[PDB]
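See below for the structure under consideration.
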Amino acid sequence: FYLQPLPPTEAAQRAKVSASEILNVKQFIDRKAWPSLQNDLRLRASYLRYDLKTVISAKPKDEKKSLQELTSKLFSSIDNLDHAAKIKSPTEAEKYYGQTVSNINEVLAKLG
Ligand SMILES: [Zn+2]
């Protein structure tokens, strides 16, 4: 993946879109198409990572830390879902997909 950066909340709009596309990998979990789930998750993850850092930098310092922490949890669960796909476990994939959805809602709530 190659990315072309964007400014404050042009990037939050794109982050919200990558976040939604991430919700969409459940179908890959259901068909158990692990490599597809991983490639899609990876791309979305790369966009999301870049745009959240951007949205964070242009955030009043009083709320940078808070978003940064929700952002950090999100990428931990995203990684964990990539790991679950890597080891081909419907169990773990389902668990981390769950945690990922909850972490996305948290970041979305702080967005908009
Ligand atoms: Zn910090």
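Residues are named by chain letter and number: chains run A, B, ... in the order of the structure tokens, numbers start at 1 in each chain, and ligands are numbered from 1 in the order shown.
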Find the nearest atom pair between each residue of chain A and ligand 1 for residues within 12 Å, count only C-alpha atoms and all ligand atoms, give distances in Å to one decimal, sort rows by chain and ascending number, and present the table as a Markdown table.
```
| residue | atom | partner | partner_atom_place_in_ligand_line | distance |
| --- | --- | --- | --- | --- |
| A:53 | CA | ligand 1 | 1 (Zn) | 11.0 |
| A:56 | CA | ligand 1 | 1 (Zn) | 9.8 |
| A:57 | CA | ligand 1 | 1 (Zn) | 10.4 |
| A:59 | CA | ligand 1 | 1 (Zn) | 11.9 |
| A:61 | CA | ligand 1 | 1 (Zn) | 9.4 |
| A:62 | CA | ligand 1 | 1 (Zn) | 10.7 |
| A:63 | CA | ligand 1 | 1 (Zn) | 9.9 |
| A:64 | CA | ligand 1 | 1 (Zn) | 7.0 |
| A:65 | CA | ligand 1 | 1 (Zn) | 4.8 |
| A:66 | CA | ligand 1 | 1 (Zn) | 8.2 |
| A:67 | CA | ligand 1 | 1 (Zn) | 9.0 |
| A:68 | CA | ligand 1 | 1 (Zn) | 6.2 |
| A:69 | CA | ligand 1 | 1 (Zn) | 7.6 |
| A:70 | CA | ligand 1 | 1 (Zn) | 11.0 |
| A:71 | CA | ligand 1 | 1 (Zn) | 10.7 |
| A:72 | CA | ligand 1 | 1 (Zn) | 10.0 |
```
Selection above as a file: N, CA, C and O atoms, as a PDB file, in the first residue's frame:
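Contents of selection-v8.pdb, freshly written:
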```pdb
ATOM      1  N   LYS A  53      -3.299   9.331  13.100  1.00  0.00           N
ATOM      2  CA  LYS A  53      -2.136  10.089  13.577  1.00  0.00           C
ATOM      3  C   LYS A  53      -2.321  11.556  13.177  1.00  0.00           C
ATOM      4  O   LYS A  53      -2.009  12.466  13.951  1.00  0.00           O
ATOM      5  N   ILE A  56      -4.995  13.198  15.169  1.00  0.00           N
ATOM      6  CA  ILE A  56      -4.500  13.362  16.521  1.00  0.00           C
ATOM      7  C   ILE A  56      -3.594  14.595  16.640  1.00  0.00           C
ATOM      8  O   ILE A  56      -3.738  15.381  17.570  1.00  0.00           O
ATOM      9  N   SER A  57      -2.682  14.777  15.692  1.00  0.00           N
ATOM     10  CA  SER A  57      -1.779  15.916  15.744  1.00  0.00           C
ATOM     11  C   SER A  57      -2.509  17.253  15.774  1.00  0.00           C
ATOM     12  O   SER A  57      -2.074  18.191  16.448  1.00  0.00           O
ATOM     13  N   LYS A  59      -5.261  17.951  17.182  1.00  0.00           N
ATOM     14  CA  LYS A  59      -6.254  17.831  18.252  1.00  0.00           C
ATOM     15  C   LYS A  59      -5.799  18.602  19.488  1.00  0.00           C
ATOM     16  O   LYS A  59      -4.615  18.582  19.842  1.00  0.00           O
ATOM     17  N   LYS A  61      -4.391  19.422  22.673  1.00  0.00           N
ATOM     18  CA  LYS A  61      -3.579  18.605  23.578  1.00  0.00           C
ATOM     19  C   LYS A  61      -4.324  17.922  24.727  1.00  0.00           C
ATOM     20  O   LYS A  61      -3.916  16.853  25.197  1.00  0.00           O
ATOM     21  N   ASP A  62      -5.410  18.544  25.176  1.00  0.00           N
ATOM     22  CA  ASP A  62      -6.206  18.002  26.270  1.00  0.00           C
ATOM     23  C   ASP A  62      -6.918  16.698  25.866  1.00  0.00           C
ATOM     24  O   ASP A  62      -7.333  15.920  26.726  1.00  0.00           O
ATOM     25  N   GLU A  63      -7.024  16.448  24.560  1.00  0.00           N
ATOM     26  CA  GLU A  63      -7.684  15.248  24.042  1.00  0.00           C
ATOM     27  C   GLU A  63      -6.815  14.392  23.124  1.00  0.00           C
ATOM     28  O   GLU A  63      -7.300  13.400  22.590  1.00  0.00           O
ATOM     29  N   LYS A  64      -5.551  14.772  22.932  1.00  0.00           N
ATOM     30  CA  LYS A  64      -4.643  14.002  22.082  1.00  0.00           C
ATOM     31  C   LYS A  64      -4.371  12.677  22.745  1.00  0.00           C
ATOM     32  O   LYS A  64      -4.493  11.621  22.128  1.00  0.00           O
ATOM     33  N   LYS A  65      -3.977  12.746  24.010  1.00  0.00           N
ATOM     34  CA  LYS A  65      -3.679  11.546  24.769  1.00  0.00           C
ATOM     35  C   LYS A  65      -4.836  10.548  24.718  1.00  0.00           C
ATOM     36  O   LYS A  65      -4.630   9.376  24.403  1.00  0.00           O
ATOM     37  N   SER A  66      -6.054  11.011  24.985  1.00  0.00           N
ATOM     38  CA  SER A  66      -7.209  10.119  24.971  1.00  0.00           C
ATOM     39  C   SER A  66      -7.441   9.389  23.642  1.00  0.00           C
ATOM     40  O   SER A  66      -7.760   8.200  23.621  1.00  0.00           O
ATOM     41  N   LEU A  67      -7.285  10.099  22.533  1.00  0.00           N
ATOM     42  CA  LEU A  67      -7.502   9.496  21.227  1.00  0.00           C
ATOM     43  C   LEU A  67      -6.369   8.540  20.900  1.00  0.00           C
ATOM     44  O   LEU A  67      -6.566   7.464  20.333  1.00  0.00           O
ATOM     45  N   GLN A  68      -5.173   8.962  21.266  1.00  0.00           N
ATOM     46  CA  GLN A  68      -3.978   8.173  21.040  1.00  0.00           C
ATOM     47  C   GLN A  68      -4.086   6.815  21.749  1.00  0.00           C
ATOM     48  O   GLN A  68      -3.646   5.793  21.220  1.00  0.00           O
ATOM     49  N   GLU A  69      -4.678   6.809  22.941  1.00  0.00           N
ATOM     50  CA  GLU A  69      -4.862   5.579  23.693  1.00  0.00           C
ATOM     51  C   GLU A  69      -5.930   4.678  23.071  1.00  0.00           C
ATOM     52  O   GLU A  69      -5.775   3.461  23.074  1.00  0.00           O
ATOM     53  N   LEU A  70      -7.015   5.264  22.559  1.00  0.00           N
ATOM     54  CA  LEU A  70      -8.073   4.473  21.924  1.00  0.00           C
ATOM     55  C   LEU A  70      -7.531   3.953  20.600  1.00  0.00           C
ATOM     56  O   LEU A  70      -7.867   2.860  20.163  1.00  0.00           O
ATOM     57  N   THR A  71      -6.677   4.755  19.973  1.00  0.00           N
ATOM     58  CA  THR A  71      -6.059   4.410  18.696  1.00  0.00           C
ATOM     59  C   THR A  71      -5.127   3.233  18.899  1.00  0.00           C
ATOM     60  O   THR A  71      -5.070   2.328  18.075  1.00  0.00           O
ATOM     61  N   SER A  72      -4.402   3.268  20.013  1.00  0.00           N
ATOM     62  CA  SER A  72      -3.453   2.220  20.350  1.00  0.00           C
ATOM     63  C   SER A  72      -4.131   0.888  20.643  1.00  0.00           C
ATOM     64  O   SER A  72      -3.615  -0.170  20.277  1.00  0.00           O
TER      65      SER A  72
END
```
What's around residue 99 (chain A) at 12 Å? Count only C-alpha atoms, leave out sequence neighbours fewer than 3 positions away in its own chain, and write the answer as a list in words.
residues 23, 73, 74, 75, 76, 77, 78, 79, 80, 81, 92, 93, 94, 95, 96, 102, 103, 104, 105 and 106 of chain A
Writing out the chosen residues with C-alpha atoms as a PDB file, in the first residue's frame:
```pdb
ATOM      1  CA  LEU A  23     -16.164  -3.840   9.992  1.00  0.00           C
ATOM      2  CA  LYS A  73      -6.002  -0.278  21.631  1.00  0.00           C
ATOM      3  CA  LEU A  74      -7.613  -0.404  18.188  1.00  0.00           C
ATOM      4  CA  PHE A  75      -4.403  -1.360  16.465  1.00  0.00           C
ATOM      5  CA  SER A  76      -3.654  -3.939  19.107  1.00  0.00           C
ATOM      6  CA  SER A  77      -6.935  -5.747  18.462  1.00  0.00           C
ATOM      7  CA  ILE A  78      -6.463  -5.303  14.672  1.00  0.00           C
ATOM      8  CA  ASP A  79      -3.078  -6.908  14.967  1.00  0.00           C
ATOM      9  CA  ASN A  80      -4.554  -9.677  17.070  1.00  0.00           C
ATOM     10  CA  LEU A  81      -7.187 -10.300  14.380  1.00  0.00           C
ATOM     11  CA  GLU A  92      -9.699 -16.278  18.017  1.00  0.00           C
ATOM     12  CA  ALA A  93     -10.661 -14.449  14.810  1.00  0.00           C
ATOM     13  CA  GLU A  94     -14.182 -14.163  16.143  1.00  0.00           C
ATOM     14  CA  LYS A  95     -12.844 -12.916  19.528  1.00  0.00           C
ATOM     15  CA  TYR A  96     -10.583 -10.241  18.127  1.00  0.00           C
ATOM     16  CA  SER A 102     -15.774  -2.303  20.008  1.00  0.00           C
ATOM     17  CA  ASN A 103     -12.509  -0.380  19.573  1.00  0.00           C
ATOM     18  CA  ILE A 104     -13.733   1.094  16.309  1.00  0.00           C
ATOM     19  CA  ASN A 105     -16.960   2.399  17.893  1.00  0.00           C
ATOM     20  CA  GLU A 106     -14.862   4.013  20.620  1.00  0.00           C
TER      21      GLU A 106
END
```
Can you list every residue in chain A that DSSP puts in alpha helix (DSSP H), as a PyMOL selection string?
chain A and resi 11-23+26-30+34-57+61-86+90-109
What is the distance, in Å and to one decimal place, between CA of residue 108 (chain A) and CA of residue 18 (chain A)?
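CA of residue 18 (chain A) lies 11.0 Å from CA of residue 108 (chain A).
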Would you list the contacts of residue 17 (chain A) as a ChimeraX atom specification, taking every protein, DNA or RNA residue within 12 Å and counting only C-alpha atoms, but skipping same-chain residues closer than 3 positions in sequence?
/A:10-14,20-24,44-45,47-48,51-52,104,108,111-112
Give me the residues within 10 Å of residue 35 (chain A) as a PDB file with C-alpha atoms, in the first residue's frame, counting only C-alpha atoms and dropping any in the same chain fewer than 5 places off.
```
ATOM      1  CA  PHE A  28     -13.898 -13.028   5.152  1.00  0.00           C
ATOM      2  CA  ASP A  40      -7.993  -6.323   3.367  1.00  0.00           C
ATOM      3  CA  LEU A  41      -7.279  -5.773   7.023  1.00  0.00           C
ATOM      4  CA  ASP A  82      -4.398 -10.474  11.757  1.00  0.00           C
ATOM      5  CA  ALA A  85      -6.088 -15.107  10.506  1.00  0.00           C
ATOM      6  CA  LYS A  86      -2.428 -16.093  10.353  1.00  0.00           C
ATOM      7  CA  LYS A  88      -6.378 -19.892  10.873  1.00  0.00           C
TER       8      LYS A  88
END
```
